[PDB]
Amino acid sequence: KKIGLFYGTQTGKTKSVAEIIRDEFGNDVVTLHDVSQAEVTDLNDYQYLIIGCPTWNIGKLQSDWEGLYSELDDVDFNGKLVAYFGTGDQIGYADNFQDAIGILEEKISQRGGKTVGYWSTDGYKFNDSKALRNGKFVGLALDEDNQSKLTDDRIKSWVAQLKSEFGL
């Protein structure tokens, strides 16, 4: 339909978060694509995109998003609105917190994607992040390992913001 959510997952947390994002948006709005089963051309099917990706192995892309990283050069994101979220561990990995979505966004916005859905760094404890854009996160940062009780409200709040930014 209108929003395509393309998520990568290893232990399933970003997946869970994606399911709640669909629930929050109201039913048919967001479709949930596991990028492990995706082709890079699937991104052509939407004008509004949500990109979901955890950071693994000290500052790296989740390996299914890594599998599509190079091929992002084969897609034109011009004219699309794009939002980002990920799961992360701010305590264990304070120098590389939410690096992944920062890596995806830098590439996608270079190919024409307009970023929406910036998120406040308030209430997170970390040192450095590739997701940082003029004092904000490039997208929604969830931490299921340390802040699981904050997740549901952070998504509900983020979804209401995206409706406004997507012009739904």
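Each residue number is its position in the shown sequence, starting from 1.
Participant: As stated in the PDB record, which stretch has the larger average Cα B-factor, 108-116 or 46-54?
Facilitator: Taking the mean C-alpha B-factor of 108-116 and of 46-54, the larger value falls to 108-116.
Participant: Can you let me know which of the two, 24-32 or 59-67, has the higher average C-alpha B-factor in the entry?
Facilitator: Between 24-32 and 59-67, it is 24-32.
Participant: What third of its chain's C-alpha B-factors does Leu140 belong to: lowest, middle or highest?
Facilitator: Middle third - that is where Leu140 ends up once the chain's C-alpha B-factors are sorted.
Participant: Classify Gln98 as lowest, middle or highest third according to the C-alpha B-factor given in the PDB entry, relative to its own chain.
Facilitator: Lowest third.
Participant: Just say lowest, middle or highest third for the CA B-factor of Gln37 relative to the other modelled residues in its chain.
Facilitator: CA B-factor rank for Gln37: lowest third.
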